[PDB]
């Protein structure tokens, strides 16, 4: 019913797998109050050729239509409801039928390392309204992997507990953002476990949600013993839209969506190049999207890649591509990250932050005491040689940017209690979290 990797042998065959779905997709879209309103008074697009004419759908549209302005089915058919991360003030609602969920789960499950019944899969992203935890769990169950629901941002599951679970359950796969990969490495050391040796069953780490350079991705692999760090690109509104190949580039899942690159200035859409990621999902019923602009800054290739899936590649600059002018130079987060994570691994520089002033780059990072002044000097020389920005670099003690208590605090999972003995803490009566 839905295409599989290897169902097309050329870009022309891929294009027809897409084109054949557009009548159903355009018919389903018009069922939603948003698109019915958009094409009121005129004749709607109904054929594949008409799709070239279709107007972009912006984030602002999804926000204006809160909660169910984008809904194309009866609510009786919805399986789950979700809201996006970012501004709580302007919620972005997304919702999925059971059949919508099978497409979502299949796309996440396209992990070049596999997800198997022999896997124990720690899901360490949030389950609170956002889709990310539910998505990894649904893929885990689709493939028969034992799912350990770690959740994230939950008082029930601090880092100390996740490290104990990683070790004691022989976890084989993780799902968490790239910062959480470093947070778990720092929490592992604090629990007396070496990330590079003491987790012999950990075979791959799945990651997304942040702009991630190859330089940082490779260091995260090295920190955890040289195991694969497998990136994907997605959103609450779209699910997974690209996944890594064994060579380390992300390929667009174009059999399940039409991908286009939007120039915001000219307002023109092309199938490759530099611009804003536009997505038309092909296998949705509940929340149809026509050329939804994620507004992520991306470069799409279509270059023949060494893996040979016959899919375009994508690099996600995102916000990390926003140039800040500092004296004569433009610095991006992506370029700073490459310099920070080019420091030797033995310096253990993982946690850092920078502020762009009009005149100077202020940058702080944690490094153990013996190596700190080497690290400050080498990062300074790297910035001089690569950017020529003025900089004030400060090395900090570990425990300064990422406090020791975040790495080691354990928290009992209490329920409300009302009657206490004299020697008990009655501060946990009603505020027990």
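Numbering follows the first chain given and starts at 1. In this text, rigid core is short for the largest set of C-alphas that superpose within 1.5 Å between two forms.
When the other structures are laid on the shown form by the rigid core, the stretch among 261-269 and 234-242 with the greater C-alpha deviation in 4 other deposited structures of this protein turns out to be 261-269. The stretch that moves more in 4 other deposited structures of this protein, judged by CA deviation after a rigid core superposition and choosing between 324-332 and 214-222, is 324-332. Comparing 117-125 with 312-320, the stretch with the higher mean C-alpha B-factor in the PDB entry is 312-320. Taking the mean C-alpha B-factor of each stretch as recorded, 168-176 and 231-239 are not equal, and the higher mean is that of 231-239. Within the selection 57, 394, 400, 408, the deposited Cα B-factor values reach their highest point at 57.
Of the candidates 27, 383, 404, 375, it is 27 whose Cα B-factor is highest according to the PDB record. Residue 209 sits in the middle third of its chain by CA B factor, as recorded in the PDB entry. In the deposited entry, the Cα temperature factor of residue 419 sits in the middle third of values across the chain's modelled residues. In the PDB entry, residue 223 places in the lowest third of its chain by CA B-factor. For residue 151, the recorded CA temperature factor ranks within the lowest third of the chain's modelled residues. The deposited CA B-factor of residue 262 belongs to the highest third of values across its chain.
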